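Notes follow the structure.
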Amino acid sequence: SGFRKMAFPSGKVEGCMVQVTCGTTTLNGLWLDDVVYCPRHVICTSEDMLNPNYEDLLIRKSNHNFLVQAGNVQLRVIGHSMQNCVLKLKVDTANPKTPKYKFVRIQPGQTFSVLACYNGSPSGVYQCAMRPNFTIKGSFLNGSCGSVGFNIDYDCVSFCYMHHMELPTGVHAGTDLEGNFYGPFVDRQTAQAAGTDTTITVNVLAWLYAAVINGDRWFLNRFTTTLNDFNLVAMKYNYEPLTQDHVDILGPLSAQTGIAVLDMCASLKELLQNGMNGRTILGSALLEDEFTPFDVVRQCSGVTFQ
Amino acid sequence: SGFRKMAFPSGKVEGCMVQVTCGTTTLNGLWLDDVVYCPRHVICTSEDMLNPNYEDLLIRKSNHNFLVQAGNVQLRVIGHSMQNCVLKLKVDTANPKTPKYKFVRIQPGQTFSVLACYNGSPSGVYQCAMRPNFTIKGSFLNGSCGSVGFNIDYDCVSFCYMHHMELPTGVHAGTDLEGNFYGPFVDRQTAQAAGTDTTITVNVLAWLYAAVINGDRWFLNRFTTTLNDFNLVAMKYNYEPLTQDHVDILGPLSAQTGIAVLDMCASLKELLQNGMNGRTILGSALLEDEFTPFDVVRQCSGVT
Ligand SMILES: O=C(O)c1cccc(-c2cccnc2)c1
Ligand code: NA
């Protein structure tokens, strides 16, 4: 029993984190095979960041301008190149701790673990969802750039996120490992803002199933609804539309608990319309939307990663 | 910016997790140097759950009754002894991944990370606090016994918890790494119930200071309180008493934000009286109590 916001074990990623220094800027890099990945804004001074020409700034740098420390061991940079908003530093040594890995781009609503790091040294791990507005509600201080997000599927690490910047509301923006931003953001010091966010409906439903599995049942009722009917309520309360594919994905949890998705949707409609009436669900007074269906199944079934 | 329930990176502990089998029972062990630590109830059979005599059960075992598997490798057990409620298995290989470590017994209100494991392989990492009733609110399935809790301040792993059992309310009980249970619990299946739990007041105050540091002041008020009047109110809401030690411990956060500790207590008193009126604090609609003063300073900026 119990249900906690849970990260993947971070050991496989910890062995890939290095410190990257260019001039006065130190941040984190990801060392995999013989390449170190980090944000291309590592090469900018503060005035550069106002309106950077990245190809032009890069041309002045020699390999020896990139100091890379893995632990207390210097790495030798033998090449450099840019892919979208990430810098790739070719180094003379393959990382002997490189895990089995892939670069994947995730979809809004999907979750991943963040290994927050400073000076190439991991300092904390936590679980994030990619919001519908393509931000993440992370916890990052100065020096965290280049920290990464990831999932583990069997023995393979799927890297999905690299941290680049904080937005004025305190939420965070970054890229996939091929340098493509999540969301309508740019790596430049300019006026940028998170769009209005919404709630991830399929995730809230997953978490209600987690609650039932853990004995929290007071919100269940006799009613059911239709997709069309529910999605009208969803739109009214700033919830993402629920699709038929969402219902299919929740199939397992519906069969395990005996509560059909639209049965549970009727529960959620009543909570949105009437609130929680001073009660809580899995210790929360808010409807939690950063557990996917897969997250709930895996935590309520004990899948392991060694 | 931002504030998250943040665990320590688990890699240093992952490298120590092994599987221990005795008879038909498999659970997790912690392999440090040449010793594997695990819950002594691995030697119980279904016959033994209510009143096991661990000394009598242990004297009947030889080294080779214990199977220890580190990854795909069998370690050879060359000695065994029992210390309180943990079993210590001497093995013929020191763990090459042993970090700098120590064993620490923690006090209620302290937080730590849990590396949930099954069959010697890590499943997930999350953050916990030791409740005032000496339980923890974990996420543990059958087979998770021997999973450990830890902090890593300054590259040394302080092991503070080993998971032993689940109580009927769904909360969890365990030992320090010297095998002494937290609280009054015992490794028997005789009926045991956690005491009434209470909110960790000093942690709530810390988290309110975290909210101010991150730029939120909506819950403050113009009042102050004496420490005794604060306690007289807060215990009516099942809050732990706040001691002068706690007041002293909050000094640094008070200095950073410019809000006196007893002024923050007055803000908490009013929050308990009013609720949040639809608002949130650091993204929560409840007052959060599993962040310590030390956690807040470690996660937050120092600038506010
Ligand atoms: O101290 C003991 O030996 C003991 C024996 C039986 C039961 C309990 C116990 C422990 C915790 C809660 N309720 C009961 C302790
Ligand atoms: Na229903």
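Excluded from the calculations below are hydrogen atoms, water molecules and symmetry mates; all remaining heavy atoms, backbone and side chain alike, are included. A, B, ... follow the sequence lines: proteins, then strands. Residue 1 opens every chain. Counting convention: from 1, in listed order, for ligands and their atoms alike.
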Measure the distance from atom 7 (C) of ligand 1 to every protein heavy atom, then report the residue, atom name and distance (to 0.1 Å) of the closest one. B/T190 CG2, 4.1 Å

Restricting A/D263 to its N/O/S atoms, the closest one to the Na ion (ligand 2) is OD1

Can you tell me the protein heavy atom closest to atom 5 (C) of ligand 1 and the distance? B/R188 NH1, 3.3 Å

Which heavy atom of the protein is the closest neighbour of atom 9 (C) of ligand 1, given with residue, atom name and distance? B/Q192 CG, 3.9 Å

Which residues share a salt bridge (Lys or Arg N to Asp or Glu O under 4.0 Å) with B/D295, sequence neighbours left out: none

Test of ring centre spacing under 6.0 Å for B/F112 and B/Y161: yes

Decide yes or no for B/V114 and B/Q127: does some side-chain heavy atom of the first lie under 4.5 Å from some side-chain heavy atom of the second? no

Whether A/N221 has an N, O or S atom under 3.0 Å from the Na ion (ligand 2): yes

Centre-to-centre under 6.0 Å for B/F3 and B/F291, is that the case here? yes

How about A/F305 and A/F8: are their ring centres within less than 6.0 Å of each other? yes

Under the side-chain contact (heavy atoms from CB on, under 4.5 Å) rule, what do B/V13 and B/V157 come out as? Steps first, then yes or no, please. CA-CA 8 Å; B/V13 178; B/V157 182; 4.0 Å; yes

among protein heavy atoms, the one nearest atom 2 (C) of ligand 1 is B/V186 CG1, 3.9 Å

Could you tell me whether any N, O or S atom belonging to A/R222 is less than 3.0 Å from the Na ion (ligand 2)? no

Protein contact of atom 10 (C) of ligand 1 - nearest heavy atom, named by residue and atom, plus distance: B/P184 O, 3.0 Å

